[PDB]
């Protein structure tokens, strides 16, 4: 089969020169509709983004959307077993900036996460999850407004590497024999009927992630960067991530000891502000985000902890369904809805398009189209304050006006 992707006639490709995106006034942006509710949320995002772009630049700029495929729809387009076509990886890399709805992975075929596959195959090593509170959002906590954090989750290593062998398989036995006989491992409690997973953490992987977090703190004049890890138990992976993170702050950003340690102060070269570089053990950190959220800002952590932290924070601010996210690498970036596919409601024009819309806000900002991005934030803040919202919010409040998915997109536009 030939490609089924149609490159927009009007429209120009974004280019990269010196780690800086050169964005034309008519950029072609690939988008993946997404499985399940992607069918509801993606069109709402397309309309909201076009309106923000149109309103901000008065018609001088316009995105040429180009549909590309991954997931169930990809099998419908490309046939049986084509869940993630090579052309999709090629196109995201070529066009530099893309966005996607939610995706789920089939079970029973030995296929691993399609979301993780996109991240790893494109080497999008930064999973960026900013978490703030939108006034008027129903929240399970007393002071959600105190939460304003940005999570830099390492996206290329950790136990997500997907290196593991099934209990009783010849391979697991082979690995366990090697560990026990050649490495002298004596700590496996039950070596029989035992599954084995491998957790890698490297200096290069850690430093490119932490480097991005510190550059982000500098560029946005944030107050601190917290390295979250479980290094007191996993000394050589989690503990190494922490050590390498502080080392990078010292070696590349002039970080110097605060008092007697272990925190460092990094001077913002643009504002002269002192950015604090500190660290917190992961289990205590899940308590601290609830008890002292105001003391945290930019967070840098490994893949698994980042997954947990991002989710816990989204829930606490009432944003489980409106949490934006990006996967960024040195050559391209893929923005994404961060919730699941919710098939029970798919096609009903019911769910909250807020997450994919705020991920589109991050995309526009990444493109340097900050005015259009600010209009989306403004629209989202006003629609939620107006209490004109989708069921997931409405059901938790009194005095709200219930809107369909598409209608909430319109409300966002109405509030720009």
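Residue numbers count along the first chain shown, from 1.
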For the stretches 22-30 and 353-361, which has the higher mean C-alpha B-factor as given in the deposited record?
22-30
Test of understanding: from the entry's C-alpha B-factors, which stretch has the higher mean, 55-63 or 362-370?
55-63
Specify which of 197, 108, 140, 306 carries the largest Cα B factor in the deposited PDB entry.
108
Looking at 335, 178, 216, 253, which has the highest CA B-factor as recorded?
178
Could you tell me which third, lowest, middle or highest, the C-alpha B-factor of residue 274 occupies within its chain?
highest
Relative to the other modelled residues of the same chain, rank the CA B-factor of residue 224 and answer lowest, middle or highest third.
lowest
Tertile call for residue 293 (CA temperature factor, within chain, third-based) is the middle
CA B-factor ranking of residue 345, expressed as a third of its chain:
highest
Residue 174: which third of its chain by C-alpha temperature factor?
highest
